[PDB]
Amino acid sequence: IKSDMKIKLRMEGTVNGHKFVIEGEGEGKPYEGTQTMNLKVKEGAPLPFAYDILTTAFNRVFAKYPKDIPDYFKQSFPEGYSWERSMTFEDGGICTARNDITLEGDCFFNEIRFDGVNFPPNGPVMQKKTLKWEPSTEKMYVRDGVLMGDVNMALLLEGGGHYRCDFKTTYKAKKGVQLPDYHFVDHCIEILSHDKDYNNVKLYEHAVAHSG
């Protein structure tokens, strides 16, 4: 894990019936916990859902851990890790996503699957009424030998309202790794730019680990 790394990504998924494939390329600085990506819709253009639901599936190797917190992500390399996630929205939309993260040379590779079901037809995902994810703090804890992370997320709506989502993530190291204690990872996630139908997006993430 150098201090400059490059990121590659393919995501395939179905949201509410609609198939899509999206690829990204980008760059990040693992130790500063920042990363940026450029994303291109390859299939299923144009998307009939809020692009914002996908963004958080687009690598916690990219988080700044102090020296008193064992970094579960960085230690899993070179061999790697995978995570799985459920995203449960307050109106009944439910998303499943995973990622298989591999390292090869100076690049991180990401193999993503994302599936959304039961979004109400006139709710904020289907009527594209989302503006952003508010920052958040993910809680990280060990269970059955493996790392899990929990966050209450909220999307800011067009209108000033919020739409809540509970994330549950299990991260699995492909080898043994010094387990950490209960800690937090702050997140800030931002569409830096996009073209009209979100066929092209530039995404940024700032994440920092801490203890409270």
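When you see a residue number, it is the position in the sequence shown, counting from 1.
Enquirer: If you average the CA temperature factors over each stretch, which comes out higher, 80-88 or 106-114?
Expert: It is 106-114 that shows the higher mean C-alpha B-factor.
Enquirer: Could you check the entry and say whether 148-156 or 24-32 has the higher mean CA B-factor?
Expert: Averaging CA B-factors over each stretch, the winner is 24-32.
Enquirer: Per the entry's Cα B factor values, which of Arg60, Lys168, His187, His162 stands out as the maximum?
Expert: Highest C-alpha B-factor among the listed residues goes to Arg60.
Enquirer: State the tercile, meaning the lowest, middle or highest third, of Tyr51 with respect to the CA B-factors recorded for its chain.
Expert: Lowest third.
Enquirer: Lowest, middle or highest third of the chain for the C-alpha temperature factor of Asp100?
Expert: Its C-alpha B-factor belongs to the middle third of this chain's values.
Enquirer: Using only modelled residues of the chain, where does the Cα B factor of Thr130 rank: lowest third, middle third or highest third?
Expert: Its C-alpha B-factor, which the entry lists for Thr130, ranks in the lowest third among residues of this chain.
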